[PDB]
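Undergrad: Let me begin by handing over the structure; questions about it come next.
Chains as they are written, first to last, in PDB author numbering: chain U, 36 to 50; chain V, 347 to 373; chain B, 648 to 696.
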């Protein structure tokens, strides 16, 4: 298996 | 704008070497 | 090198030994051009690929 970087999606305000 | 929900574990690496449903190791 | 960069996270790294004869190709082995003698279209050619 190929080790991959995982980003946990988070919600932040963005204008 | 759509298709993502808070807490979704998205892969930001090796996208060229992953197929759908293949098993991968998170880091 | 190929074992080392087998788990590279940004793209692909491939190590190929040079072709034996300079000027006969970019790497050793076989060279094949997949033509579309009829004009099936780019998508059809990639499909055949």
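Ideal Cβ placement from N, Cα and C applies to all residues, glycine included.
Where does residue 689(B) sit, in a helix, a strand or coil, going by DSSP?
TA: Reduced to three states, the DSSP call for residue 689(B) is helix.
Undergrad: Mind the definition here: the stretch 654–664 of chain B touches the stretch 349–364 of chain V only if three or more C-beta pairs lie below 8 Å; say whether that holds.
TA: Judged by Cβ distances under 8 Å, the stretch 654–664 of chain B makes contact with the stretch 349–364 of chain V, as three or more pairs qualify.
Undergrad: Would you mind giving the Cβ-Cβ distance between residue 39(U) and residue 364(V), rounded to the nearest angstrom? I have them listed as a contact below 8 Å.
TA: Right, their Cβ atoms sit about 7 Å apart.
Undergrad: With a threshold of 9 Å between beta-carbons, can residue 368(V) be considered close to chain B, or not?
TA: Residue 368(V) does not count as touching chain B.
Undergrad: Quick one: Cα of residue 667(B) to Cα of residue 678(B), how far?
TA: Distance between the alpha carbons of residue 667(B) and residue 678(B): 14 Å.
Undergrad: Along chain B, in chain order, which residues have C-beta atoms closer than 8 Å to that of residue 359(V)?
TA: Within chain B, the residues near residue 359(V) are 656, 657.
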